[PDB]
């Protein structure tokens, strides 16, 4: 019952339909990937691969408008955010293209007897399972390091961004990668599970939901494969009493509502000290009234629709649950009276520890503002989570913000900004947010054979 198709969320219309690859076609795709890997790709020098991967960055920049428009069309992202996605996607590919030689150099080890080094070698085919919320950047985050490492990639995308998926495969074709180096695949869950069992698949990278992560990580475990899991978060956005209030507000608005809050590192739990709570919340109310919500391709649009009826209905559901559980609906909480999946930017307060959404991931334009009485209480609140992806701390006192950062149980903490992407920066969570680090030098370590060669 899975359907790969473009259903435009601004217009509610099915634009394009795509067939699943058959068992035979899946076999052909894996056959091709193995062959090119062993016979061609792993044998090319870093410098030859760099040509290709860097050329792909160049193609994305040149054709940024085209690629950003596919993002906006398939899943509704406002064009300025889609164009930003494409720019960072290009940056990520350049980062690995240019840095791979540094990262993939032999690591000689200091030993008092003879010699030892670690040689970095490719593993094989990496199977990547990627989400719809950042359809280019999630692919680049995996494809850039792995192709530079001499791995090949089979990528199964979310069923609602098939054209983005095809555009990324085409990009690599146009950059000069051989057929089989990077391939798209359209599969049901059964076929995906069978692909994980294939002994030629040497690693599984997943970005997505807990549920998806639980099914796939268990499969990878049973097949005794390396895997990485990048899952949801409910990140704390901590605003201390000595925060630059105007700054915290601006970063909170971007953090929660950029991409309509459909971001795993969205500022989902705003944790604001007593002394600046009223002003923060007033700044928040005001800011969401300035959004230009409409057609993601229109000039002045800041926020498009939700990605799908489902994504919208989940957030509206969670909003109404929270209100029935005792929360105050400060703003929003309703679908807009127009065509397409448009939801009002929403603010909730008084969300107690016993409230049904307290521990939920709200993947939509819905702020949750908690009032805390101290620093310690803010840290305690931030940690009262089954998640641990990112986090933000706001304080004019850098050392205080540092101390707070050390005590919040997550994978990443941003100080005086929101959690925001960059190629240089390692990305990943702890607890139910997953394990492993993508991006930075750490990203390229995940799926390689680090071979010890010892002479004595």
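Residue numbers count along the first chain shown, from 1.
- The deposited model assigns a higher average Cα B-factor to 335-343 than to the other stretch when 335-343 and 158-166 are compared.
- Relative to one another, 211-219 and 303-311 have unequal mean CA B-factors, and 211-219 is the one with the higher figure.
- Ranking 120, 262, 89, 151 by Cα temperature factor from the entry places 120 first.
- Placement of the Cα temperature factor of residue 10 within the chain: lowest third of the modelled residues, per the deposited record.
- Per-chain ranking of the deposited C-alpha B factor places residue 69 in the lowest third.
- Ranked against the other modelled residues of its chain, the C-alpha B-factor of residue 224 as given in the entry falls in the highest third.
- When the modelled residues of the chain are ordered by C-alpha B-factor, residue 355 sits in the highest third.
- Per the deposited record, the Cα B-factor of residue 75 falls in the lowest third when ranked against the other modelled residues of its chain.
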